[PDB]
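These notes are about the structure you will find just below.
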Amino acid sequence: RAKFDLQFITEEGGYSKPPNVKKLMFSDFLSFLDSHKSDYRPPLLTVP
Amino acid sequence: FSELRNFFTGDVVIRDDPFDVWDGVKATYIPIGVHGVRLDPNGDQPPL
Amino acid sequence: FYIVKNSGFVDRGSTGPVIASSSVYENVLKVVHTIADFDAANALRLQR
């Protein structure tokens with residue numbers, strides 16, 4: 001089960017400053033599983 | 001002289017680099033897995 | 001949720017409202033492994 005954090009970005013058309021998009025890496029998922037290894041009921045992953 | 005040597009001849013085998021020895025370890029166990037709800041097997045108990 | 005090597009979605013030149021995204025569309029994914037539940041995902045993380 002997971003929650004997804006939605007975010008909207010408007011592309012004006014001027015390709016000067018690249019937007020900063022939040023990306024979630026595999027590394028982060030492992031870091032998650034290790035902070036909850038002992039939990040006695042599944043934790044919630046917030047996926048952006 | 002030969003015989004005197006052959007008497008005082010005996011071999012030994014030793015490890016080139018000494019073993020690296022450690023201390024014991026405190027065997028600590030931690031919880032794992034998720035637990036669900038288990039309902040009583042007999043159901044409601046008789047009155048009084 | 002899906003785990004994947006790399007992804008994104010750019011639809012340049014489109015006139016639609018969506019032209020980019022941190023994610024992709026479902027039909028573009030090929031599922032080659034399926035992790036059943038939190039437990040199992042956690043279990044795999046621990047088999048070193």
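Here's how to read the names in the structure tokens: chain A, B, ... by the order shown, residue numbers from 1 in each chain, ligand numbers from 1 in the order shown.
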Extract, using only C-alpha atoms, all DNA, RNA and protein residues at most 10 Å from residue 19 in chain A, discarding same-chain residues fewer than 6 positions from it, and format them as a PDB file with N, CA, C and O atoms, in the first residue's frame.
```pdb
ATOM      1  N   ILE A   9       3.723  20.990 -12.424  1.00  0.00           N
ATOM      2  CA  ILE A   9       4.708  21.955 -12.866  1.00  0.00           C
ATOM      3  C   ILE A   9       4.262  22.490 -14.216  1.00  0.00           C
ATOM      4  O   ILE A   9       3.842  21.737 -15.099  1.00  0.00           O
ATOM      5  N   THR A  10       4.354  23.800 -14.372  1.00  0.00           N
ATOM      6  CA  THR A  10       3.954  24.427 -15.610  1.00  0.00           C
ATOM      7  C   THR A  10       5.152  24.743 -16.489  1.00  0.00           C
ATOM      8  O   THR A  10       6.082  25.430 -16.064  1.00  0.00           O
ATOM      9  N   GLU A  11       5.140  24.221 -17.710  1.00  0.00           N
ATOM     10  CA  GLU A  11       6.223  24.478 -18.645  1.00  0.00           C
ATOM     11  C   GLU A  11       5.854  25.693 -19.481  1.00  0.00           C
ATOM     12  O   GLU A  11       4.992  25.626 -20.355  1.00  0.00           O
TER      13      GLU A  11
END
```
Next item on the list: Just need the residues of chain C within 7 Å of chain A, counting only C-alpha atoms, so spit them out as a PyMOL selection string.
Entry: chain C and resi 22+38+42
Counting only C-alpha atoms, chain C residues within 12 Å of chain B, as a PDB file with C-alpha atoms, in the first residue's frame:
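Output saved as iface23.pdb:
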```pdb
ATOM      1  CA  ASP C  37       3.907  -7.990   0.305  1.00  0.00           C
ATOM      2  CA  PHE C  38       5.958  -5.872   2.692  1.00  0.00           C
ATOM      3  CA  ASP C  39       7.129  -8.971   4.522  1.00  0.00           C
ATOM      4  CA  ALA C  40       8.562 -10.610   1.410  1.00  0.00           C
ATOM      5  CA  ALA C  41      10.226  -7.408   0.241  1.00  0.00           C
ATOM      6  CA  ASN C  42      11.784  -7.105   3.657  1.00  0.00           C
ATOM      7  CA  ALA C  43      12.834 -10.765   3.628  1.00  0.00           C
ATOM      8  CA  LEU C  46      17.909  -9.501   4.391  1.00  0.00           C
TER       9      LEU C  46
END
```
Notebook entry, point to check: Got a sec to tell me which of chain C DSSP assigns to alpha helix (DSSP H), as a list in words?
Noted result: residues 38, 39, 40, 41, 42, 43, 44 and 45 of chain C
